[PDB]
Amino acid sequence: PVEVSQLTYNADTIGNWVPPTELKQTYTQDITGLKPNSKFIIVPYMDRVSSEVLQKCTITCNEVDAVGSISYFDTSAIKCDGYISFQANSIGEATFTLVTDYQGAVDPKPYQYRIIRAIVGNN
C-alpha cells in the first residue's frame, strides 16, 4: 500500500466507446482490466475528426453508487463534457450505458475516454 504522502495519479488509461450500428441506439459497454474495487474518475477527451453529421452520445454508469454523465457532440455546438465517479466491481469492471443519437452513422469514429486513478493506499 502506498502512503498518502506518496499520492500520485495515473491518467494514462484511454479507450474507445464502441460505435453504434444504428442512428438511434441504447447499449452497454463493460470497461475491464481495472483494479478490483478501486475508485476512479472517467472523463471524455477528443482527438477526432468531426463527422459534421451531429453524432450525439450520452453515457452513464450502471455500477452501484456511480454518479455523473458524460456528453459528446461533434458538430457546431461541440461537447466533450461531464465525468463519472465510479468504483470498479469485484472483478475489475464497470458497466456503462450509452445512448446515441446520430443524424448520420457511416463508419462512425469512436468517442474517447480517459480514466483517472489516484494511486494511494490500496486504490
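Residue numbers here begin at 1 and follow the sequence given.
- Between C80, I42, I91, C57, which one tops the list for C-alpha B-factor in the PDB entry? Across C80, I42, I91, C57, the entry lists the biggest C-alpha B-factor for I91.
- Message: Based on the deposited C-alpha B factors for this chain, I'd like to know if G104 is in the lowest, middle or highest third.
- Response: Highest third, going by the recorded CA B-factors of the chain.
- Query: Among the modelled residues of its chain, does the C-alpha B-factor of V64 lie in the lowest, middle or highest third?
  - Reply: Top third by C-alpha B-factor.
- Would you mind checking where the Cα B-factor of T32 ranks among the modelled residues of its chain, as the lowest, middle or highest third? It belongs to the highest third of the chain when residues are ordered by C-alpha B-factor.
- Task: Classify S76 as lowest, middle or highest third according to the C-alpha B-factor given in the PDB entry, relative to its own chain.
- Result: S76: CA B-factor falls in the highest third of its chain.
- What third of the chain, by the recorded C-alpha B-factor, contains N10? Its C-alpha B-factor, which the entry lists for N10, ranks in the middle third among residues of this chain.
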